[PDB]
């Protein structure tokens, strides 16, 4: 059957569209922004306005990536985060039940874990530290509640991504801003002392995990971390970018932002056992891919 991707114009979504089409799948793309062997049908619209059942005609698999994804604006833009991240999810899942979609792969987030040292496992109680994390937890729990309805023949794979980077990374993210601070001298502010850590996951690995998750169809629903299990500090990413480029990143240290967790590290075990997924790209290699893409993109 055909596949529908919400959020298809965005960072992860555009990579997923490419891989789906290269694999021979016909793709229906939904986004309110323009898109950058399988066919491609672009539907331009807001999930809260489109006739979603019409969009889901002959769709057997949905990848739900649309959302407002920034941690820090969520404190002061909460109506819009609720509308885009929770209400739109609820509408999409109802339409999936009505249209007889078989499987929905939902982008969730490591943000549901909140603050924790060391490994974040899918059996840990969620305790988001930001309103954004609350909305991603609500979206993933909504998806699971729809899959548990007695009238639905619907499974859900909810994927908790860990800070994704690479070619095309959204420009509000740290590595994208740092690379512009390096190649173009546009200063980046460091939010705190730079000792915060992230499990940075390359988008190519995330797209492989998304495809694997969609192919697990007879095992019910699942909640899985998608990450590398290796955390790197902000300061270390700055030093690596300086080393790779021979240009001094234009940085300025400022105050930590409330809502930012101090460290993330994925427990990678359950995705390996359920999907056969292990991340292949480490940060040193992946960072070079983003730097090279950004050069060519600016030229």
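Numbering follows the first chain given and starts at 1.
- The modelled chain breaks between residue 36 and residue 37, where 10 or more residues of the deposited sequence lack coordinates.
- Higher average CA B factor: 112-120, of the stretches 193-201 and 112-120.
- Note on 7-15 vs 284-292: mean CA B-factor is higher in 284-292.
- Of the candidates 90, 213, 130, 169, the one whose C-alpha carries the top B factor in the deposited record is 213.
- The top Cα temperature factor in the record, among 219, 83, 160, 136, falls on 219.
- Annotation for residue 227: C-alpha temperature factor in the lowest third relative to the rest of the modelled chain, per the entry.
- The PDB entry assigns residue 246 a C-alpha temperature factor belonging to the middle third of its chain's modelled residues.
- Residue 141: CA B factor in the lowest third of modelled residues in this chain (values from the PDB entry).
- In the PDB entry, residue 64 places in the lowest third of its chain by CA B-factor.
- Ranked by Cα temperature factor within the chain, residue 260 sits in the middle third according to the deposited record.
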